[PDB]
Structures are given as structure tokens and as C-alpha cells.
Amino acid sequence: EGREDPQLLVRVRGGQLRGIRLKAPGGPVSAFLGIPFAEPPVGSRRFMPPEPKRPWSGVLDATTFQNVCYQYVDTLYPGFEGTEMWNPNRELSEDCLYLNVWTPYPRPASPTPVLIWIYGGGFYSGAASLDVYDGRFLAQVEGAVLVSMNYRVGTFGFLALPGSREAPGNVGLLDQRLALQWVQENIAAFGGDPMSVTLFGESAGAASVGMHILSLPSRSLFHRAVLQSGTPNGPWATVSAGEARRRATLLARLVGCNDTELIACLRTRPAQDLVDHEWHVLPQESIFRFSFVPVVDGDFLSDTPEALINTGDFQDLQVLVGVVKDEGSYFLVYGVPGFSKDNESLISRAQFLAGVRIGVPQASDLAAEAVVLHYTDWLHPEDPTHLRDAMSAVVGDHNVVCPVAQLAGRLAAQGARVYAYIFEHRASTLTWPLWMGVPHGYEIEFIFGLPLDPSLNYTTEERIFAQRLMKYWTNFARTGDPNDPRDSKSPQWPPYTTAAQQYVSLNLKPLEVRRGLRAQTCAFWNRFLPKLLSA
Amino acid sequence: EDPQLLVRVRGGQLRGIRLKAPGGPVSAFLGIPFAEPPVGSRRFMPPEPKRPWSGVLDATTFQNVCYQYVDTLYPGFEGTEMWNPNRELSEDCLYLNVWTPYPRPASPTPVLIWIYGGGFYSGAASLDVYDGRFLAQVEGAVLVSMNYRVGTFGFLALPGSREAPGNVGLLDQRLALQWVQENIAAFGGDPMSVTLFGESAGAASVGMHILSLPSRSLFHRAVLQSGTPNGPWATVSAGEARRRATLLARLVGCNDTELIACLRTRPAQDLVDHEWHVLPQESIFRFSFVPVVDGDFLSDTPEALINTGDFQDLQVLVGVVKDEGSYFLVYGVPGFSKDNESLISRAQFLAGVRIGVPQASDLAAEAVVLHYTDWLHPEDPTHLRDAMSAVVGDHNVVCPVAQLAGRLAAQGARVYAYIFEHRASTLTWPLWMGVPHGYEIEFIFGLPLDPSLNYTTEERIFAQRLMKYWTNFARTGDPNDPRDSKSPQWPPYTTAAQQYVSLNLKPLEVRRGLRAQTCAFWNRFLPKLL
Ligand SMILES: *[C@@H]1O[C@H](CO)[C@@H](O)[C@H](O)[C@H]1NC(C)=O
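Rules and cut-offs
- Residues numbered from 1 in each chain as written, not as in the entry; some residues may be left out.
- Chains lettered and ligands numbered in written order.
- Heavy atoms only, no water.
- Disulfide = S-S within 2.5 Å.
- Helix = DSSP H or I, 4+ residues; strand = E, 2+ residues; numbered from the N terminus.
- UniProt positions renumbered as here; feature names shortened; annotations may be inferred.
- Buried < 20%, exposed > 50% of the residue type's maximum accessible area, 1.4 Å probe, protein only.
- Contact = heavy atoms within 4.5 Å.
- Polar contact = N/O pair within 3.5 Å; in protein donor to acceptor, adjacent residues only side chain to side chain.
- Salt bridge = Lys/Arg side-chain N within 4 Å of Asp/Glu carboxyl O.

As stated in the entry header, the method of structure determination is X-ray crystallography and the reported resolution is 2.90 Å.

1. Here's the deal with the state of the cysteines
All names here are of chain A. In total, this model carries 6 disulfides over all chains according to the counting rule given. Paired by a disulfide, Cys69 and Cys96 hold their sulfur atoms 2.0 Å apart. Between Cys69 and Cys96, the disulfide has an S-S torsion of 90° and is therefore right-handed. Placement of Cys69 in strand β6 (residues 68-69) and of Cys96 in the loop between β7 (92-93) and β8 (98-104) is noted, with a sequence separation of 27 residues between them.

2. Some words on the UniProt feature "disulfide bond" in chain A
Residue and element names in this part refer to chain A. For the UniProt disulfide pairing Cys69 with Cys96, the two sulfur atoms lie 2.0 Å apart, close enough for the bond to be present in this model. Classification of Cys69 as buried rests on a relative accessible area of 2%. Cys96 sits in the buried class, given a relative accessible area of 1%. Annotation check: the disulfide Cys257-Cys265 recorded in UniProt is satisfied, the sulfur-sulfur distance being 2.1 Å, below 2.5 Å. By relative accessible area, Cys257 is classed as partly exposed at 37%.

3. Let's talk about the UniProt feature "active site" in chain B
All names here are of chain B. The feature "active site", as given by UniProt, occupies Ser200, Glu324 and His437 in the numbering adopted here. Tracing the chain through its elements places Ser200 in the loop between β9 (189-199) and α5 (201-210). The contacts of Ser200, once residues within four sequence positions are left out, are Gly117, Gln225, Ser226, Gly227, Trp233 and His437. With respect to the helices and strands, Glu324 occurs in the loop between β13 (315-321) and α11 (326-329). According to the relative accessible area criterion, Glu324 is buried, its value standing at 3%. The residues touching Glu324, leaving out its near neighbours within four places in the chain, are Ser226, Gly393, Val397, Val398, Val435 and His437. A polar contact is formed between the side chain of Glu324 and the backbone nitrogen of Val321, at a distance of 2.7 Å.

4. A short note on the pattern of salt bridges
Residues and elements named next belong to chain A. For the coordinates displayed, the defined rule picks out 44 salt bridges over all chains. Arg357 is paired through a salt bridge with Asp365; the nearest N and O atoms lie 3.3 Å apart. By relative accessible area, which is 33% here, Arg357 ends up partly exposed. The exposure class of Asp365 is exposed, given its relative accessible area of 58%. A salt bridge links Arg388 to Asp389; the nearest nitrogen and oxygen atoms lie 2.7 Å apart. Through salt bridges with shared partners, a single network forms among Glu39, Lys53 and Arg54.

This is the structure:
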């Protein structure tokens, strides 16, 4: 070593890392970026569980983000900040199982609460390196240890021939889990308290957090959990073994291919080749069509999440959950005819019924009838502004809001401490049109503290809001309670209960309590609609 | 011999009585025969015109009430007795009543004809709440009301037979309307301006006259208060009527001809004894004998008929009251009584729904419960109680009334719609019933103007106001006072804007959408779910 900054050399079980002292608005942080936690899942290892990373010699350079797992790159709007902000920001490669650690500078003296981020991307995309997941502000301003991992997405992470040796399913979730294991063993080397790990994530990342709550080997690797705009239960986060087998077989044919032979063929296919076909598995017109998601394999998920959230014991569990004001708006522009980022997307009634078939592809004619009926404003059943907004609500309520409301309800009942929010602040910087409101995913930059970077052009009040939110999330990591134990001028955030159904609004104003999470409407999706899908 | 109380009608001479109304005298011709008594071989049969009479017939008193079940659920309770027959029961009952201003109108006066409700199993023109004296006096209206046959006597059909063709109670009504075309001028009435009005089954009857072509030439406007020809309760299929008829016959020990001949031989009270055993089906509206879709009087189900009809030259006033369903709960639904607050359990509510919507399959019941549950207070007994009322009101009245108002407007009528929200200070039902089925009639008819009745001074003004709405509609097709610039004007109900008004103590408020979402549930979804 000799001449290096002594505050930036740490040792983990695999060997020696050298980190980087990064600059944050109000001081420096330590970052150890691109630490490998698994043997690269390439060649013969494709589709297979991750193996722990064999120790290296010398000092690993952990100063830059690593490769991003092979994924489909969105090209709906070339040059558009609104979409590129989510696109990969490092080389694409199957060699991508690396995690990142942010800690205070100097790394803290007493052992600090850890926060682990699991990114979203509908299980087909995502990266711990994206700007909106920068751990530096949470590290610097809250003295938090923050960790985030890459996990395999799309076919590489989730294609399954359930029952087989070669492609058991859920390997993306298993990548995440091995990263949690890595945290237990090694986080202390950085001043992290492995007895205080809160998982947080958004969308498919939230669903991931939910599945760890639901999977036994993984329950011993964290204590608290945050699910933002996602759930393990619901229409898009899982597939039955049979369905997953159908899709895997189908994809195999598309690329030109006894389970051993099939997968052996698949494995001889170039990565890009699989990515080029992963969308053709469901011609089936469908927004939250994505073919490769966690399979209910009777192993990792011993049963469907709905079953498991109904009958598990969550007495020893604190969750924070919530949604943004406009969950579904975003999705409409990706294959509901009539919707665009470039006009005000006022649709016709005809375009609405047509969208309801696309948003709820698993719906009989009677079901679509029901949805349309429930979401039509009969005072103005022809008004395009309302219909546009209805279509958003439908997609939003079906995939996010009511799955979350269900999740909060069951959990609260089965003995958990649940806190619930609705995020209501549209970013002054947002580049999506006004009509989309506060779209899915646009709370992340606030929780991570991005508005504290003067150069990012957020308003002052947004900088105060960011800090407020960050306090909520870290307090929750620390105590299982978002409220401040000291400061009692600020309105309290009450637990969500079955009886009172209370949640709070997150916006530029002080906390306001509300009761019932889209109560009537979620009763429609969660209780009534299923029964209408008995033929 | 007051010559003002003396009239020559086509059948002969009549002598009325002079009646005392608060602000002056009214002429009155009670108990005028409009048909041959429908007795003996004439039971179940179409009414025939009454034969002429020698001398001066005494029309100074109310005639008999048509033979009907008498309510005994709450004996001696004012709430219930006021609906019960207030004269002798008899199958000889086809009489009508005319009220006119005294002295009798100097030029032809618009005529209002009342058709009482009672679910097609009860009711009388002679009840206190249909007293035509105030409308006659205060508004100078010629007001007519008739008895028509009810229950088995009026509605028992063996469709296609010559000897019990069905709908005779409606034909009774039609004949009274014919009688008015032919005789009302003699009272100062204008046969060129006949407005029908009725409540509940009287509303449905009014509606059936709208839908039946011979009736159409006998009136010019209509008011349907809290009832419709469409809906669950007002009509039956030819098939189902024949079933209920033969079942009633079998129940009293009885070929169409031979079956009816046998029924004809039975005392009236025998048929009424078994009237309520034709549908054991523990619903509320288990009344078995209602107008029948006969391909004759009703050329096709009302739904069909309102859907395809042409209502170009028609003005209609329709409305509901705030709490259509509360009244009925205490008759069938377990857990509901006039004597407590009827705060019910959830289980009670789900059982309540299978009763209030007896049509409902498991799923459709699920749907109703689902729709009406307040998922934020899903157990609160106050909500479940109020929900139950709502289920029953909406399904049988509010949504039918909306369905009709929409279709009439769409197909060219001119529609005015209200909701009645004022609870009579003198009501004797408990508070949890709100403003129940039937409790606007007393205001329309002008009862609070009679000081001996203890209605608040505000209520007396409110009644004057409603009497103006109704008679303005009668006079013009428009309820609005044409010497009232200052407004709140009452807007026509159009399918586009969907406006109605609140009838209560505060001045008119225009609201849009008569239970818009809930009635979409009843009218568009639930049908498909079956
Ligand atoms: C906006 O753009 C979409 C997508 O190309 C188009 O189909 C739609 O007609 C446009 N909306 C309107 C009506 O301006």
C-alpha cells in the first residue's frame, strides 16, 4: 500500500479492495464499487444458481461501477432523458454479479445500520449504477451504510424449466440473496451492523423485497423491509411453473432449440440473441407482459405469494410500503394506442375499452365490462380527459396500488407493523408531460437525496423534502419506525391497521393522514374481480 | 238544492256535497259509478260502461274500497293505518271522485287524475292523503281519482283466455280516463288538458298508460312519483301469470273456462287468504298479481317498449324520495323493525341482500354486497342498515326511475325530475327511515294547509310550492312558475346533462346525475351478470 489513502483500503472474505473517496454536497463519502460477490455466471453457468466468488489476490480496484447484466435497451424515445435515465450506464455483459458499498468518510466508529437497495426494471432490466440510485447522499447526510447489487434480469435471471437441474428458476432472486449473504459476512469490515439490515426497493425491486420476506432461507438475512410501488403478490411479479415452462420452451424454439438438450442449446446462443427474442414469447398484447419473472417453483417460493401472505406469521416484521399518485400513466405510452409522451393523450371511449383489454389481458369479456363500468364517470362517459385518466388508474390500480393495499392489509392482520404512504410530489425537473402526474418510479430520486446536488436544478423546497424523506427511510432502518423519537412538533405517522387503514401523504406540505387506500376500488380488484374469473 | 252541486253526466244527474277547505268552499262528487259492478260472472273480466240511471244519484260520499288484503303488521299504528282501507271492502268498487272549485270553474280547467299506489294489491281513492280538496280550492284544479281493481280481482290472468284476460285493473283505470274525456266538461274540466299523476303502483300504472296505445288518446301529460312500468316488481310474463293463477286456484280447491268458473264461485276473502302464498319465496315483493305482459294492453315488456317508443309530444315529471327503501325492510328483512334503530350485523346484511334482490344468483349477490359495502367501515351497523335500505330503494325505484327518465329523454319526451328530501314533522315511523316511500303525497295534495293537522308553518309553504309545481306542470308541461323571474329554474332532464332538483325546505337546488354510478351498476352490469 504505502502511499494510498488509508481510509480506502478494506478487506473482505474474498480479499483486498481499494475504494474511492467521492465528493458529496456537504462532505466526502467512501465508495467501494463493483465488488464481485459471485463467480461470473457465464458459459456453462448460464441459467444456473450463483456460486460464491472465489478469492482474488492483490488489491481489487473497487473505484468504478461494473458491467450491467445483459438486458434489453429501451429505444422508444432516443435522446429522451425520461427514458435514458433508466437505460444501462455501463457495458452490458453476463459477467455482472457485482455489488456496491457506500459508507461515511471516515468509515464510522460504532457499527452502523445498513440499507440494501434492489433496483426495479420489470425483471428484464436495471442496474445498481444508475444515477438515481447513488448512495452518496444517504451515506453522507444520514451516516448510513448503503449497499446495492446487480442481479440477473430477463432470460438470464429468470428463464426456468421448473424441476430441472440446469435451469431451476429464480436465479436472479438467488443472485440477490447471495449478495445479502455477502453483506452478513463482510459488511462489518466497513462499519456496518449486520444485525441491522433493512431491504428497500422499487417495483420489481419492491417485489423482490417482498419475496425475501416470503422465502425462508432469506428471512434470516435482514430485519426490516421497504416496498416502493411493488409487491410479490399481484398479476406481474410471478409465474406458475407450467406457464414458466411454456415460455422457456417457446423462447427456445424462437432461437432454434429432455430439458438438458434444450438448455444446452440455449447456452450456446449469444446473449444478444436471447434478448432479441425475449419479447416475442407473448405476442399477447399486454403492458406488464414480461415473460421471465420469478417462478412459483415450490422451492424459493413454496407457494404463490397470495397463498403465503394469507397464511404466514409476520409478527416479527416491520414494513414500510407505498405508491406514487400516478402509477399507471407511464405504462400507457408503451403500447396502449392513443397514448404518447408528445401530445396530451386525450383518448376516445373506444380507445378506452381497447386499452382495458390490453391492460387486463387475463380478462374475460364480462370482466372487461366490469372494469370499464367501474372506471366510467357516467356524468361524462365520453370525456377524453377523464378516459385518459381512467386508463391510467386502471393500469395503475391493477398492477401496483391494489396489490400494495392487499399486501398492507394481509400483513397488518398477520401481526406486522406496517407503515403506508402515497407519494404526491411531481419533480420540478421531470421531463415527462404534465398529464402523467407523478409517474411510477419518480420518488426514488427524492429518497436517495438527489435534490441535494446543487447542479441538478431542484428547487429549495425539494431539497428540504428530500431531507425529510431520507430521515423517514433511515429512521425506519434504525428503529422500525419512520417517526422521530425526539422531534414531536411534526405530525406522527401512524401504523396502517386493518381497523383504521391509515397512511400518509408525502408532498411539499407536512404529513397529512388519510384513511383507506383506494378502499372501494381495491375491494373491486382484490375481492370481486377474481370471482368474476371463474369462467 | 244548491245548483252548483248538481251535474248532468251522460248516465244522468248527480248531486255533490259542498266541502270546507281552509281558504274557502269546494264542490265534490264522491263515489260516481264509472262501470257496472265487476261482480259475480264479472269477476276477472274487463269493465263495462255503467248503465244510465233514473233520477238524481247521490254523490256526496265515498263509495266502497276494492277487495284487498288489509295490513296487520302494526295494528293501530298511524304509520300503517293511513294506508289501510277507510271504507267498506267490497268487489263492488268501480267509482271515481271529482273535486272542483266552488263556484264551479267559469272556463275549462286543466284536470289532474290521481291513480293510487299500493303495489297492485291494495289502495283506495278515498284515503286521507289523496284528498283533492286543497288542490281544487287553492289552485283551482279539477281533481279526479278512481278506484281500480287490485290483487287477484284486478290482476289475476290466464293469458289468452276469454274469461280472465289479465290487466283488468288497468282497464278499470282506462275506463275512468274514458269517463273523464266524456263527462268532465260538465264539471268545468278541460278534457283537452288531462294530466295523470300517481305514486308507486299508481306511478307504474301511469307509465303503463304511456306505453299502451288506446290510453294515449285520453291524457296529455304524466307524473310518475316513486314508481315505473320497467323494473323488478311492476310486471309479469304471460307464462308466469298463468302459473301463479293455476297455483292460486289449486290452493282453493279448483281447462281455462272450468278453472275460472270455479274461482268465480269463491268468496272474495278466500282468494285474499291465499294471495300471499303464491310466492312463498321470502322476498319482500312476493305480491303475485300485477299487470301482465300480454301482447295486448302491454304489446311487449315495458323495457322493450320504453326502449323503442316515440315520445315526441310528451311531457313527464318523474321523481323519487330520499329513502325509498327503508319502509320495506320492516316487512321481510330480518333485523329490521320500526320499534328499534335496526342497527344490523354484517351477516344480517348479506342475508338481507338475498331477500331484497331475490332475482340474484350467488355471484350477483356477491356483486351487490360488494358495491354497497363501505370498505372503510365494513362492519359499522349504521352503514349496513342504511346500505340495505339503499339496495332496496335503488333496485326497485331509483334506478328504474333513472332508466326511464333517460330513455324518455333519449327518445324525445320532455322530462323533469326531482328527488324529495323533506321528512314530514308529523311522521310516526322512526328516524332511521329518513323520508320513506309514500311521504311526499301528503305535501303534493296540500295537507299541511289544514291547520287542524299540526304541520309546521314552513311545511305549509313548502306544500303550496309543490302544489304549484304539479299544477304548473299540469297547465303547461312545465313545472316552473311563469310569473317567477327570480330563479333557480327547474331544468329538463336530458341524458346529456342529467339534471334534477331537490324538493325540500331550502329553495330548489339543481343537481346532476340521479345516482349515476349506482344505477349504472343496476341497469348495465347486473343484467349481464345473469
Ligand atoms: C397523440 O399521438 C398518438 C400516438 O402516435 C396518436 O395515435 C394520437 O392520435 C395522438 N393524440 C391526439 C388525438 O392528438
